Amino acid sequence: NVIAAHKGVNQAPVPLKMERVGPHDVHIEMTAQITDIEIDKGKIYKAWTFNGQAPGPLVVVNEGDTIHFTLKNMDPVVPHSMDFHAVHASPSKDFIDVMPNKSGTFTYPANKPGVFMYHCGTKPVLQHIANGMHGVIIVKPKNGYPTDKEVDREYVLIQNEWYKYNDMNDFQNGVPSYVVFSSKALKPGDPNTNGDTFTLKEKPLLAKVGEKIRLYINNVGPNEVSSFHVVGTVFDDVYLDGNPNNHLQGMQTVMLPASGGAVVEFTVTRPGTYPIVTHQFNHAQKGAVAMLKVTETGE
C-alpha cells in the first residue's frame, strides 16, 4: 500500500533553516517530504518525514520565544501540517493543512520549558505519525535547571515505533515490528541519526569515566509507553517533561507516556559499554537498545 504517486519518490534530506530575528522571535522553516530510510538492515521504509529525517530534526528555542514557522509541503499528493506540543495555538487555525507544493506560515509562542513532541496533525493523525512525521522541540528554561553546574555532557534520545508500511489496520491493532532509538545533535559534532535498530549499537554515544551525563528524552510513540533505563547506573535527578519544578531523584527507570519527555541525569563510574533500553523488553528485543561507551578519555 504505497500510494501510486509516491512509487519511485525519494526526496533528498533538506537542512533545517532557523534564524533568530529578535530577542524573543525565531524563524524556522521545515519541509514535509518522502524519503527512504533503512530502519533495520535490509529493510527500507519510504517514510513521511520532516526534512528527510525520522524522527525529524531537532529544534531548540528559548523559553518565551515566539516561533514564526513555515512548512513547505514537497509531498506531491498528501497534505501535511505541524503541531508543536511546546506552543499555545488554535489547532483549527494554526495547525492546519498545507497542500502539496504549497507553503504555510504560522506564529505562536513557546512559554513553557521542556522536552516536547512535535508531529504532523493531518487526519488521520495516527497514519501521519506512524509513517514518520514526529520529532522533538526543546525549550530551554530561562533560569536553567538546578543541576546545570554538575552536568558534563548531554545528548538527545528519541524513542519511536515502526509498523508494517502504511498499513492502517496494523497501526491500529498490531504490535510494533520495530521499536527504536535515535539521537539528534545539540551541537556540531554530535551524532544525528534516524530511528533504526542498529546505528546507536554500531556507533555508540561517547562519554568519559566519572562524568555526569544529561539526556533529553522523548517517547514519540505513536502507541506505546516507555520504561526508560540506563544499565549500570541510577538516575540522580529527573525532571518530568523537562520542567525544572517536576523533580524526582534516585529513579532506576522513568516511565514516559506516548509523547512524554524528561530530562534525566546520571553518573558513569567505570569504563565500559552501557546499554540504554526501554525495560519493556519485548520492545528492546525489537530494536530499542542504544549504547553508551565510557572511556578513560572520552574518545
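From 1 onward, residues are counted along the sequence shown.
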Seminar exercise, completed: Averaging the C-alpha temperature factors as deposited, the higher value of 62 to 70 versus 250 to 258 falls on 62 to 70
Exercise. Should the higher mean CA B-factor in the entry be assigned to 167 to 175 or to 93 to 101?
Worked result: 93 to 101
Problem set entry | Identity of residue with top Cα B-factor, from 196, 148, 83, 224 | 148
For this session: Compare the C-alpha B factor of residue 87 with those of the other modelled residues in its chain, then answer lowest, middle or highest third.
Result: middle
Problem set entry | Third of chain Cα B-factors occupied by residue 113 | middle
For this session: Pull the Cα B-factor of residue 209 out of the PDB entry and bin it into the chain's lowest, middle or highest third.
Result: highest
Seminar exercise, completed: Split the chain's modelled residues into thirds by Cα B-factor; residue 57 lands in the middle
For this session: Would you mind ranking residue 143 by its C-alpha B-factor against the rest of the chain and naming the third, lowest, middle or highest?
Result: highest
